[PDB]
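Single chain ahead, written as structure tokens, the form solved without the named molecule.
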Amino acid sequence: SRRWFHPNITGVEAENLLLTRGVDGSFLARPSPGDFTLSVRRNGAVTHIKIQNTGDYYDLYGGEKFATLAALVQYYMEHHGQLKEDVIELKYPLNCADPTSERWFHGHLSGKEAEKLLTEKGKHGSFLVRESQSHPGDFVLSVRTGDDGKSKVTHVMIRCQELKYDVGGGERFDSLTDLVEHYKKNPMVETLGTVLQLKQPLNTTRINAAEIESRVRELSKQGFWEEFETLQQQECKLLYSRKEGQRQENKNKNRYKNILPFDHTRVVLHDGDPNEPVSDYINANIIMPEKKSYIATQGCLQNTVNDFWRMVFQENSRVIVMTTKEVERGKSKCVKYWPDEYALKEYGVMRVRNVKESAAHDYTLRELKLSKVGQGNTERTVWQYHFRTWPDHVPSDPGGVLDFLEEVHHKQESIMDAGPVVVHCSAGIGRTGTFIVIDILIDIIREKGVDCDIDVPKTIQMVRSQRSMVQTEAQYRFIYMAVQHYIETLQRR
């Protein structure tokens, strides 16, 4: 439920809150700038472990790396003994009552503004919660019902008594989230048969592409942080299975043992070595925007290069996007899976020739020839695009990435029957999710024009459902700045 995450809380606030209303084994996560802190109670004391996210993964210091904070909490809740200094136990998640991260919580918002927004954007079952105009401390839940003078908007008061919230009778809830969850499953019914069904909240995020310049400023005075945290709170809905990645036969095929591909979107390799026990696995996912598709994969390991070229050949991909150097900050992020210029290498059953390397300002283009060893009429050209100027920890200007994606999209579109654009970095999420999400957004704007509706968090959530994708708030802000810059250069007429 991720409610163990407390957005607006200080360090000593967490300690007192864990000591007064918690026991040994209780924990909560808190943000405060760019990293996070996991406060855990242990033997009457409270310890603070830090998680650092540089845009590639969540790195719990002294522990493992994870794709989401919920995966970090879930892992250490099932793997007690590996989170040590003395043993530290993640037993009881302490839940937060602050509803700011909820989509249905609009916070400060009047009654007429809620009726207008529920009229313009809401359908049957759309609801919201706001701070009450009439009486301080209390709240109001406004819900729209009808057919799609055939509909109405009903307001329900939610008074706050001794830190508990209720409808005026019946159950009293610890938080507004619990009240919403209950009356969402047990909906209130008016005395005349109509049922106040809470279907889906109001979408305060679908933006028209022409107004991007104003919305970025509305989130700049933090708006970006509040919207990103709302998007982060939905990660518990994307806890799909990853059983094929957790197999002991595939343990040595992942760059990080806890960043695994979803089973329903992973790339399954065929026609493999019968002597190898498992030859169908690769840390990669088919990214389908819900018009090109993508393959988000990890950086190559020395023992996964042959499988990597099997994947490109099998999926008929013709364009690769590398968004990291081989080595960054002294550590290997992706082994060199391509031959030297003018060379010809054999990667298991696949054969790759590096025909030419062209150096641009921010990237290097390599024209590769992928063919099947011992086979004719299998050769095809794979255009590898290696972005080399991404910072170690986002670019201050999106001009290079947009030029990079423009040349990548034009080459992909020029090859008929071309497979998904393979995009990878170190772990395959963060930088990779940023590039793919931006490319989806500018592709909509390039086709439908500057008068089309976009939704950055919804699009991200759609992509995060296919790979466990965007990492930090900085990348989230960079996606907006890239969309804004793309609109700005397209309107030069």
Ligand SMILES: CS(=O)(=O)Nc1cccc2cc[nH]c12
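Note that residue numbering begins at 1 and tracks the sequence as displayed.
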Which class fits the unmodelled deposited stretch between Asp148 and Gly149: none, 1 to 3, 4 to 9, or 10 or more? 4 to 9
Length class of the unmodelled deposited segment, which would lie between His135 and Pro136: none
If you average the CA temperature factors as listed in the entry, which stretch comes out higher, 323-331 or 115-123? 115-123
So 277-285 or 173-181, which one's hotter by mean CA B-factor in the entry? 173-181
Based on what the PDB entry reports, which of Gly348, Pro261, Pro99, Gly399 has the top C-alpha B-factor? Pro99
Member of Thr194, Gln200, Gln232, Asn303 with the greatest C-alpha B factor (per the PDB record): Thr194
Taking only the Cα B-factors deposited for this chain, tell me whether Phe36 sits in the lowest, middle or highest third. middle
If you rank the chain by CA B-factor, which third does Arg42 end up in: lowest, middle or highest? highest
For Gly168, the third of its chain by CA B-factor is the highest
Rank-wise, by C-alpha B-factor, drop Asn186 into the lowest, middle or highest third of its chain. highest
Going by what the PDB entry lists, where does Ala474 fall on CA B-factor within its chain: lowest, middle or highest third? middle
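Keep in mind that the form deposited with the named molecule bound is missing from the display, and what follows is about it.
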Heavy atom of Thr37 within 4.5 Å of the named molecule in the deposited bound form: no
is_contact(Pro457, the named molecule) in the deposited bound form, heavy atom dist at most 4.5 Å: yes
With a 4.5 Å heavy atom cut-off, would you call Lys372 a contact of the named molecule in the deposited bound form? no
Is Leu94 a contact residue for the named molecule in the deposited bound form, using a 4.5 Å heavy atom cut-off? no
Answer among 312-320, 373-381, 185-193, 228-236 for heavy atoms within 4.5 Å of the named molecule in the deposited bound form: the stretch 228-236
The named molecule: the contacting residue among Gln197, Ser332, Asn203, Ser279 in the deposited bound form [heavy atom, 4.5 Å]: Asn203
Ok, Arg103, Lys164, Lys411, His264: which has a heavy atom sitting within 4.5 Å of the named molecule in the deposited bound form? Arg103
